[PDB]
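Notes follow once the structure below has been shown.
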4 protein chains.
Amino acid sequence: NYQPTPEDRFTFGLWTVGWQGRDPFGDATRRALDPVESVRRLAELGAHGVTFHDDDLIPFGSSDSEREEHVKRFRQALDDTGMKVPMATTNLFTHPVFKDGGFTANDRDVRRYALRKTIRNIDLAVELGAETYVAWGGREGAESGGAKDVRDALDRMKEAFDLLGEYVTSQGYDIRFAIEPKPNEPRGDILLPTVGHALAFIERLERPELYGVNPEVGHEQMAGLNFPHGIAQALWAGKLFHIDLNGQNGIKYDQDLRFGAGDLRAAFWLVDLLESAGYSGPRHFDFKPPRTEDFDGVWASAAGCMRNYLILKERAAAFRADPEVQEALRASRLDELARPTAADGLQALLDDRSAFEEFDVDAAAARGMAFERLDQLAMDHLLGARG
Amino acid sequence: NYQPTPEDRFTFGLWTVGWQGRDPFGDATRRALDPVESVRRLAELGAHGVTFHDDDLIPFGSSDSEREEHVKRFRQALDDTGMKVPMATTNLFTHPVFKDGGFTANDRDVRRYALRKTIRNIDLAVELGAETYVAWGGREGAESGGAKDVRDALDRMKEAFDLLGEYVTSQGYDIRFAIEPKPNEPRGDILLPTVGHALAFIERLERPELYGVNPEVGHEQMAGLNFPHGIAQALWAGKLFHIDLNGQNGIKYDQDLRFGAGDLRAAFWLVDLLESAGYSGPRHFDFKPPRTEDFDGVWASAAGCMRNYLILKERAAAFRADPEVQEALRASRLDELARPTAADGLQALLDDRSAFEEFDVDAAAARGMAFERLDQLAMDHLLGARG
Amino acid sequence: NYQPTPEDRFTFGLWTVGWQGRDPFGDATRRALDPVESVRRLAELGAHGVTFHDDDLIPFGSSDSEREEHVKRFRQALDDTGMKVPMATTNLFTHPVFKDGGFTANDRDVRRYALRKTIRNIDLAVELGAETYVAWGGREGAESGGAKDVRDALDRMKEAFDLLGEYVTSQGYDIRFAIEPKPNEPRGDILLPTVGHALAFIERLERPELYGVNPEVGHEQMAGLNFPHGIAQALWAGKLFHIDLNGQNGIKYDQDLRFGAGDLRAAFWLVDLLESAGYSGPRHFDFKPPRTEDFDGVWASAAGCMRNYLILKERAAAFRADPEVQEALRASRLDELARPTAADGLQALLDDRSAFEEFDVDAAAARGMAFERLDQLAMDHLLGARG
Amino acid sequence: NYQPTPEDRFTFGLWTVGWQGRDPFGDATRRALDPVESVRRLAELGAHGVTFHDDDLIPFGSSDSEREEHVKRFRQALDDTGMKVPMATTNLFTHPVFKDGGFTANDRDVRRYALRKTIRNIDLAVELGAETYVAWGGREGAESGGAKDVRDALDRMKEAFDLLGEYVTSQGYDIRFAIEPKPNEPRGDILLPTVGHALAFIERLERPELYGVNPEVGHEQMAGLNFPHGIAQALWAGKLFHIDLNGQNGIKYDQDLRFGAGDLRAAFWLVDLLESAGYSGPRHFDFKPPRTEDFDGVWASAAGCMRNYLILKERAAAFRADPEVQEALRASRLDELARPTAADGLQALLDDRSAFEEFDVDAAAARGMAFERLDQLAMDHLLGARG
Ligand SMILES: [Mg+2]
Ligand SMILES: [Mg+2]
Ligand SMILES: [Mg+2]
Ligand SMILES: [Mg+2]
Ligand SMILES: [Mn+2]
Ligand SMILES: [Mn+2]
Ligand SMILES: [Mn+2]
Ligand SMILES: [Mn+2]
């Protein structure tokens, strides 16, 4: 019941089920997984593919011969299981050299190094069949006001992304970029902190068509924002290239709980939106099995991610197909929201006495919106109190 | 000492000092102010100008006869004091007809009425010499997920702003629009909730050059965001058309405290940024004197807004003029942040062996950033524990 | 299906369904309800009783004859419907005289007035059969640091509550007090901001046995706290006298959505706790039907409060009775949490080599807690994915 | 200028300046410090003393032989510099055995081990002259609702603290316990999450006089609470045994910035309260120099903690000494707040017609509170815009 299949396009980062449980206050509680074991276990649970940072697969500072042997094992595991690699990314945050950032580090030589590290892994991503390259600028930011001139840093960030668009264009690579926003942690404030800031930044790049967003449930909620609303704005702009699914309990540290946990009604409205919009990209889980768990709990947590999506997908479809919800949407005038305000045009609007001179504002004000019934129907469907 | 003059460009909304103290849990504590009296008292305090909603100046429902008397009195008060009207805006949130929004109400007739109400006040704003027209969509949004399809709502919001841009260009008006974001309150979630979301939305308008942002200190802080960082991104995009200054203590209801209150160091870094970037627009206070105050406290609170700006301006200037701070900025490599990462081009960067193959990452990782020394110098300057 | 009955002990404040929709930015959207109509409508929906502020029932400044006629109508409506009045409270926040507080107003004469207003309504509460008297100190606090010496204010707050305990003891009234915490709004910070602060304060009253807490879902969540955890601490201390149920979407203004909305999984764990602890007080909804709604939406919202509680009660009971959840609780050692750590006593613990000298910390560390399976079983039960 | 001396009682944890910079997303940026070197560097900066976790001083797993050498070296360093050890604490959060807690772990054998580990370090703390023993239950709590029955967990926490109180009283030790609250991180929710919750819990211990709180600036601010207000309630209850000073920017991960950073006006009001109440304990800094810094920045950040305290102390003293501020305090009736509301008794209050029957509420409502003038004087004093 609610069994995931590869057609559901569920993907996992190597670093998700691979997380050893080291947090700001504690040591690791689990040993490291071989990426090959991760690929095989995830295939048996019904996953579609896996994603990776360069440093998840290739030990930092590996020689080229040493790099080749690491890829070849991962290689074979993907071949054996039919697992795809739809997305890859760069670790520009763990090594101490990135303590003030990669692309916007104050030191110029670190910025050049970060670009070279990124470009090497783009090559590898394309070889493995990745269609999306994610950038999470986790160290781009500041703890204090004078440490970072944000106008200069945005110049440096634009320069880096423009150079990367140049590289893939010169190589003829069929790959797009997705910026993953986060408001804070591990920096006090991170540049491009929300979906909105990232969307605005993309419009100033030299070729904006190459760049989209990879929003994460928990990151927008870390700013108290409505995640389905932000996803709707990304869809409206044509910029939802990828998505990170997990759970988060409000405004605190980045929890990365399994999808479904955290804010359950936001999860319901998110799945309703993705499915009714026909989003066809990967459903990627950027989550961390809590460090209380042994490895059997790791795979239970990963399976739970996939199961909760499938349950919510079923309830959202039942909600939209219910004839009673039908009528309630018409009663709340959702179909009128979808109609133009003034397709007659500006001149006609200015000459329409019914729009102002003779508009009965008191009668219009008395009309109820009937939102609370509509919402209780949605609650009933989520909880299985109707079908 | 720290006395404002009209040259400082301090402006205030009629609705700020005119707030009667009604909050969700309590009735008014102050009598209503005559707009003419506000203009005169504000001029006596050293203000540069005043701003208004249509309904602050002209009582809602006023006959075309009564509307003319109200503007005449106000124009006369402006002339007698000198005082300017740099910006105006529409009240699309108080009357019950707007309970589901103005531009994005589900009911089409409400949406047409909201546009007609706005266009009438654009005409009045231009006659009074306003250069900026502000839109705060306080009722655009939702409490529940099914009540608003956000993709349709963004279509309607774009339709509204495109029509307004058509109107002003057809009349030859030399006015620009500024969107004022806010994440929530009075709606559970408000559309375009942060500076970034509004900046992104503007790029999809038909004539994006006509539109910028009017960010408010407290509104970005209601999402836990760094207001100076968000202002920097607006400046970087060429979109800071106007600014609302006030105070806010973190993530809670919108407090609208006087400027300087709330987060004091963020106010310092904001004034440093505005003054160093050469922002030339109004320094506008969107604040509410607390309802504990009588009219003497109203005027004391308004004077405090201006005074705190002027103190912070002095300390930020002293900070940037200090040779020891200039040293510390070079020690933290802020000057290198301003340097192109790779003006030598993509190919040169790829061939530069010093950027990767022979980059000593451990030596680079060992470099201290000297940020804490720089920040304590900024502390000392703010507190006047050095000159 | 999921039909409320008076035995479920659901209660509503007159001010909940009576809320006219006036918020900080908008006028009322609904006319006022006669308390008699409220009592009759709520009885037909299956409610158990109603609660009131003095000012909900008796217009402020009513004469004694005028007071008598208002009570007599309410009176008869309760008699006709069998509705109970289990709780009442005082409005010490709406009138401008309370702008700096009631019990902790700086002005001594206002503090005496607040006590006299409270004592009059205690008499009325007892006449109507109330067993709990709630105090929400909504104006007790400050916007600025110097306005309120909190040690002096806590002295004044203790003095007020001690005097009230004296009054009911002298009159022989069978009634208890419950303090309703809230962290902020309408004051910048409110004294006793959380359940914990209120519990601590009660221990310094002259007769602590007379005082408990009335926690509200949304208020604890306004501080980002775990509401079920706080309710557990109140139960542990023997202090849960009353509870306010509603919904809240994280850290923002006090939304007072209908119960079930906001944080749905917290609602599930709250009902699980209340039912398994055998809480026998009223299930009181302190909520506000959104101002988008007409009166038919008001009653739909109120019915939804009751329905969601009953659905969650069913899912929580099914969760606890599931033999698979059974085993999972034993697998996660919840029964071991309920056993003493050292019932053998201090001397035996100090002499137990297995507790330290010979404890195998590495073997103990390797044990998984199996929390993620347990939690996915709970998710499955909430969503009706198992029975 | 603003130079610390041992008389100022500034103390630092070994783990503060000794933090190597490991965060959830990054490896260490600094080498480990020898405790003897920290003691000497801190003494050179003007510190009064140092504090420690057992595992900061003695490497975990040390033989009883190796443990003695470590303490001897440290005692010698203390003697050479003078330096005191006013408080000590137990690390019950780093080792993986504590992944579900120490005192409230579901596994009983872990709970017994946590007690034995703590009791060993109490003996060491007393030998080094510590007067306060701090407990931060960083791992007590949960990520999911069913993992922890909080009522049983509070039974186990009380059992643990009662046993510790039995131990110290049986040995004749003259040490007191201080509970350090925190709302979340590293657990999703931590038990006893705020100052109020811990104060309430203490009153249910067997010997409550032995236990107080160790509040931390950033931890209360992680719940959006007013830290000076919470300190005032701890003082009012006689329970402020110790304090942790640092900086935090609002509701996010625990930043542990140096004191003065974060919320600057709250730091001012905190220092005003501590100094005016005559708090005599240590001024302890629980902070982390940012991982961007080298060892020069570590020491600069520590010096900044002390310097910012001393600047704020001067400005708060000037504020309270200013005759114009004393005037403003009387104008705001702070002196009347300090007056008993009804020292004449319940019966006299009931018979006082001036308190209700003849109280002119509209005249009282008209009184301005003059809070904004008072607060701007406090501003001026903090910024040194008056003397
Ligand atoms: Mg992510
Ligand atoms: Mg504003
Ligand atoms: Mg309530
Ligand atoms: Mg601490
Ligand atoms: Mn995350
Ligand atoms: Mn505002
Ligand atoms: Mn509430
Ligand atoms: Mn901390």
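Numbering starts at 1 and runs along the chain as displayed.
Backbone N, Cα and C define each Cβ position, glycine as well.
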For the Mg(2+) 1 site that Swiss-Prot gives as C:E216, C:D244, C:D286, the extra residue out of C:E180, C:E324, C:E327 is C:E180
Rounded to the nearest Å, what's the C-alpha distance separating C:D254 (Mg(2+) 2 binding site) and C:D286 (Mg(2+) 1 binding site)? Just drop the number here, would you? 11
Would you kindly give the Cα-Cα distance separating C:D286 (Mg(2+) 1 binding site) and C:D256 (Mg(2+) 2 binding site), rounded to the nearest Å? 7
Can you tell me how far the Cα of C:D286 (Mg(2+) 1 binding site) sits from the Cα of C:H219 (Mg(2+) 2 binding site), in Å? 11
Fewest C-beta neighbours within 10 angstroms among the binding-site residues C:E180, C:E216, C:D286 belongs to C:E180
Could you measure between C:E216 (Mg(2+) 1 binding site) and C:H53 (active site) for me? Cα positions, answer in whole angstrom. 17
Using all protein chains in view, find how many other C-beta atoms are within 10 Å of the C-beta of C:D56 (active site). 21
Between the C-alpha atoms of C:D244 (Mg(2+) 1 binding site) and C:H53 (active site), the distance in angstrom, to the nearest integer, is 15
Return the residues near C:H219 (Mg(2+) 2 binding site), defined as same-chain residues 6+ apart in sequence whose C-beta is under 8 angstroms from its C-beta, sorted by sequence, else 'none'. C:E180, C:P181, C:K182, C:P183, C:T194, C:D244, C:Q248, C:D254
Taking every protein chain in this structure into account, which of the binding-site residues C:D244, C:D254 has the most other Cβ atoms within 10 Å of its Cβ? C:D244
Near C:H53 (active site), which residues of its own chain have a C-beta under 8 A away, given they sit six or more steps off in sequence? C:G13, C:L14, C:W15, C:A88, C:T89, C:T90, C:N91, C:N121
With an 8 Å cut-off on Cβ distance to the C:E216, C:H219, C:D254, C:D256 Cβ center, who else from the chain surrounds the Mg(2+) 2 site? C:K182, C:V217, C:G218, C:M222, C:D244, C:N246, C:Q248, C:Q255, C:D286
Listed recorded positions are C:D56, C:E180, C:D254, C:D256; which sit with C-beta under 6 angstroms of ligand 7? C:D254, C:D256
Take the mean position of the Cβ atoms of C:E180, C:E216, C:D244, C:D286, the recorded Mg(2+) 1 site. Which other residues of that chain put their Cβ within 8 Å of it? C:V134, C:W136, C:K182, C:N214, C:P215, C:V217, C:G218, C:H219, C:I243, C:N246, C:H284
In the three-state DSSP scheme, C:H53 (active site) belongs to strand
